[PDB]
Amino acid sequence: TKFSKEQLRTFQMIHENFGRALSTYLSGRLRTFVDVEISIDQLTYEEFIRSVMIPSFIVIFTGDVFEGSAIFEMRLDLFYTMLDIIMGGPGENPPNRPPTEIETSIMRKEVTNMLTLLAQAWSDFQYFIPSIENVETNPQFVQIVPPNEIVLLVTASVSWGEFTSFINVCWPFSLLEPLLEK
């Protein structure tokens, strides 16, 4: 429904810390300097989901302590750039298609690492171990909460060279609400 002023301040700080960890992690994986800027916004789930590209890499995840799911979404340009470089290539001119089984297998591990960094960012406020529930490439098939429910959307602007892409983490209010006291 809404958040206190203290509450969004806490969330910004948590994810700014995630962002710094993400920058170091991605700088390692893409073997170049990767800048990460974190912004936070509050909007309806329908507004978020309609902003998502077809196709994308959409990972639905939860934690041992969460009653419900959250979303980790990565643009495919970043997905294939990372993937190519991780496999030994230049990261030049990425395709625009759903990933194959092989590519999903490799990049799921990367997402698992990044979710672990997200969990580490949260460690003072709420311990959790992330687990991946589902992976989709079309946001039409992603309806974790009702359209009008408010979500906290964490946007990571990822920039390297002349390129700039995005990773989003979507936290539904119904997931955060029982934790808002902390």
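From 1 onward, residues are counted along the sequence shown.
Just going by the entry, 111 to 119 versus 62 to 70 on mean CA temperature factor gives the higher value to 62 to 70. Stretches compared: 3 to 11, 172 to 180. Higher mean C-alpha B-factor in the entry: 3 to 11. As recorded in the entry, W160 carries the highest CA temperature factor of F166, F18, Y25, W160. Across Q42, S56, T155, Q140, the greatest Cα temperature factor reported in the deposited entry is at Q42. Compared with the other modelled residues of the chain, the Cα B-factor recorded for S51 ranks in the lowest third. Ranked by Cα temperature factor within the chain, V135 sits in the lowest third according to the deposited record.
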